[PDB]
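With this note's numbering applied, the sequence shown covers 257 to 432. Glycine included, C-beta positions come from ideal geometry on N, C-alpha and C. Input: a single structure, listed below in structure tokens.
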Amino acid sequence: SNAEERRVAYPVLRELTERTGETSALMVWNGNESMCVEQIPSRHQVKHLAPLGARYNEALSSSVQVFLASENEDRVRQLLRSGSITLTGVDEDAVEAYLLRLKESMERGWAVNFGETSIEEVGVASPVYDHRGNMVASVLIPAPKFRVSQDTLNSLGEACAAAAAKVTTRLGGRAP
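Now the structure itself:
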């Protein structure tokens, strides 16, 4: 599964982890979950973040935000109100804020989870595209909150977006 993506991403994730000192992961979307299919561990991990096969269905999960940006709005609505993707106190305006948060991530180039699914974990993620412009994967940098400030976070995000752009380029892909 996801063979070319995995192959092209591996050297880029290895490079990303040597530059950030943090875990790098390639995520794929199955429609209601983000799944880790390839990862390089932090040179100093405490808790093992984004281990292979890990599945994420919290709305505020960076990886999950990136993929939901590729869905139709109404599909995002259905996933939240069904409980397939979990979010604290969903209502019209929480959903609307979340949808705007999705668009902002596309324009920033990365989504952000700043201790928002778990008080001791942070994350940034960026989309990977194929040659037809389909979003096919995303790159995730998870890290422990204690060592990552908002500033470090912004720097990880840029790194994440740069790495995702390298994978896209190497797939013959082009962004939106």
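{"Query": "Any non-hydrogen atom of the ligand ADP within 7 Å of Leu324 CB", "Result": "Absence of the ligand ADP from the depicted structure is noted, as is the absence of any ligand whatsoever, leaving it without description."}
{"Query": "In DSSP terms, what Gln406 is bridged to", "Result": "DSSP lists no partner for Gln406."}
{"Query": "Contacts around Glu329, its chain only, beta-carbon distance under 7 Å, and the 5 residues preceding and following it disregarded", "Result": "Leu355"}
{"Query": "Among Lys303, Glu294, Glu414 and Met283, nearest to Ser317 - alpha-carbon criterion", "Result": "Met283"}
{"Query": "Whether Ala420 touches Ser394 by CB criterion (8 Å)", "Result": "yes"}
{"Query": "Backbone CA spacing between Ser338 and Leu324 [nearest angstrom]", "Result": "15 Å"}
{"Query": "4 or more residues per run - each alpha helix (DSSP H) lying fully within the stretch 257–287", "Result": "259–276"}
{"Query": "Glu352 versus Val378, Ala315, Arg430 and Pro432, residue with shortest Cα-Cα distance", "Result": "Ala315"}
{"Query": "Helix, strand or coil at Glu360 according to DSSP, with G and I counted as helix", "Result": "helix"}
{"Query": "Three-pair Cβ contact test at 8 Å for the stretch 362–382 versus the stretch 268–277", "Result": "no"}
{"Query": "Cβ neighbours of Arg270 in the same chain (closer than 8 Å, five flanking residues each side left out)", "Result": "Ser280 and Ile296"}
{"Query": "Closest Cα partner of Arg311 within the set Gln301, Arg426, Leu427 and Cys292", "Result": "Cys292"}
{"Query": "Proximity winner among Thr424, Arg430 and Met391, relative to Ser290 (alpha-carbon distances)", "Result": "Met391"}
{"Query": "Every unbroken alpha helix (DSSP H) within the stretch 310–365, with a cutoff of 4 residues, ordered by chain", "Result": "318–325, 329–338 and 348–364"}
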